[PDB]
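Sharing a structure below in structure tokens format, with a few things to ask.
With ideal geometry, Cβ positions are generated from the backbone for all residues, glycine too; neighbour counts draw on all protein chains shown. Please treat every number below as a calculation from the coordinates, not as lab data.
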Number of protein chains: 2
Amino acid sequence: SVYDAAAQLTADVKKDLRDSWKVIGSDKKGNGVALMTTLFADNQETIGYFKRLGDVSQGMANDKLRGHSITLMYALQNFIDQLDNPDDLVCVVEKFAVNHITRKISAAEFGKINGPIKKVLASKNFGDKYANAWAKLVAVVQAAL
Amino acid sequence: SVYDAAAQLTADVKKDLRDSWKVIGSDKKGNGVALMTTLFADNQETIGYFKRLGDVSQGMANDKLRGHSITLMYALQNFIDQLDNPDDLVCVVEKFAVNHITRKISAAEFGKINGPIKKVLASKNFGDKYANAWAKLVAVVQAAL
Ligand code: HEM
Ligand code: HEM
């Protein structure tokens with residue numbers, strides 16, 4: 001259940017999420033596109049879900065991909081900002097879950113984002129400790145799908 | 001067409017947008033809900049588009065409405081952050097427009113948000129000057145619908 005998953009966000013997990021986001025969230029356009037390009041490269045099977053974006057291999061040059069990527073980073077920003085209040089984190093998570101549920105994105109499918117996050121984190125000197133913290137946040141979303 | 005609308009965003013308009021956002025965007029939950037509840041109060045017909053939110057009369061206490069309202073404010077945060085780069089502003093606005101186009105929301109219907117914005121701004125003491133600046137930002141979105 002999403003309510004139980006949200007309870008997994010302990011003090012130190014929230015702290016690691018904030019400290020890493022301070023760096024990653026500094027460049028939403030660059031890191032956003034990096035996150036999406038890595039997902040498509042590591043999991044080509046997911047490209048089909050993004051037909052609306054057009055040629056995803058163009059990266060930054062693709063306006064729709066860039067617009068999508070920047071927006072994705074504001075969803076993460078939203079989550080980080082709601083860490084203080086579990087009640088608000090949950091309602092924002094379920095809200096965001098609806099859009100993915102509508103596109104028939106399962107919890108297992110959503111979980112594929114963990115790889116790309118771990119890689120982007122690593123490129124900024126944030127190791128496993130941080131990747132695992134982010135995995136916990138992603139898990140909250142998975143519980144709502 | 002969206003680029004042309006974005007041209008109306010002059011240096012003075014962008015300055016008023018940023019200054020007012022510094023206050024309005026500081027309480028996303030509070031002001032986001034105030035915006036939505038004012039829209040419903042002044043234009044009851046718009047409630048027809050929000051059946052998914054349920055009992056919108058509960059206001060802040062309604063989790064779905066609260067979740068939706070906080071998220072709406074991050075859309076504005078996104079727009080405000082992209083003001084200095086027309087290319088990025090445009091791709092984000094177009095991305096956002098897709099969701100409202102799919103829900104058959106016309107430019108005229110979308111423009112009904114201008115009244116609520118003016119009232120929320122006035123509640124924080126930002127006069128007509130600021131309301132006019134925000135109406136121009138809204139116009140960029142309308143150009144995409
Ligand atoms: C960190 C995790 C993720 C975040 C925060 C995220 C965020 C978002 C946001 C904010 C949108 C745009 C608003 C909307 O249309 O609902 C979106 C759209 C979408 N997401 Fe995700 N997402 C994530 C992971 C995934 C994954 C792993 C998949 C599936 C492989 C997925 C599939 C989709 C699809 C298909 C769209 C529609 C794109 C379009 O046609 O414009 N998302 N996502
Ligand atoms: C400043 C103006 C506005 C902003 C920033 C805004 C923002 C948003 C965002 C971010 C979403 C959720 C993500 C998505 O699914 O696309 C959304 C959904 C929606 N918006 Fe807007 N919106 C605005 C004005 C309006 C107006 C005036 C209407 C029309 C009466 C409208 C109708 C809708 C509808 C029907 C949904 C889906 C709600 C749901 O089922 O949860 N929006 N809007």
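Along Cα-to-Cβ, 7 Å out, sits the label point; list in nm, shortest first, how far the one on A:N132 is from those in the other copies.
5.8
Please work out the C-alpha center-to-center distance from the range A:64-125 to the range B:112-129 and express it in whole Å.
Using only Cα atoms to place each centre, the spacing works out to 31 Å.
Taking a point 7 Å out from Cα toward Cβ as the label site, list the nm distances between B:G111 and the same residue in every other copy, smallest first.
From this label point to the equivalent ones elsewhere in the assembly: 5.0 nm.
At B:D87, label 7 Å along Cα→Cβ: distances to the other copies, nm, ascending?
The answer, with the shortest distance listed first, is 4.5 nm.
For the protein assembly as shown, what does the convex hull of the Cα positions come to per residue, in cubic angstrom? Before the final figure, lay out each step's value.
Working: hull volume 37.9 nm³, N = 290.
Given the Cα convex hull of the protein assembly as shown, per-residue volume reads 131 Å³.
Specify whether the C-alpha gyration tensor of the range A:59-145 places it in the rounded, prolate or oblate class, a ≥ b ≥ c being the square roots of the eigenvalues: rounded for a/c under 1.5, otherwise prolate if a/b is larger than b/c and oblate if not.
Details: a/c = 1.44, a/b = 1.09, b/c = 1.33.
Verdict is rounded for the range A:59-145.
Okay, moving on. For B:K119, give me every one of the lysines with a C-alpha distance below 22 angstrom, ignoring sequence neighbours fewer than eight places off in its own chain.
B:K14, B:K15, B:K22, B:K28, B:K29, B:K129, B:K136
Can you tell me the equivalent ellipsoid semi-axes for chain A? Use √(5λ) from the Cα gyration tensor, largest first, whole Å. Each step should come with its number before you reach the end.
On the way: eigenvalues 111, 66, 36 Å².
They are 24, 18, 13 Å, listed largest first.
Then there is this: Calculate the all-directions average of the projected area of the range B:88-133's alpha-carbon convex hull, and give it in nm².
Working: hull surface 15.8 nm².
Averaged projected hull area, Cα only: 3.9 nm².
For the rotation bringing B onto A, which B residue has its Cβ nearest the axis, and at how many Å?
Result for the B and A rotation: B:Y74, 2.
Treating the Cα atoms of the range B:1-51 as identical point scatterers in vacuum, please give the log10 of the normalised Debye intensity I(q)/I(0) at q = 0.16, 0.19, 0.26 Å⁻¹, two decimals.
These q points yield log10 I(q)/I(0) values of -0.73, -0.85, -0.87.
Suppose a student asked you for the relative contact order of chain A, using Cα pairs under 8 Å spaced at least 6 residues apart; what percent would you report?
Numbers: 138 pairs, mean separation 53.7, N = 145.
Once divided by the residue count of chain A, the mean separation gives 37 percent.
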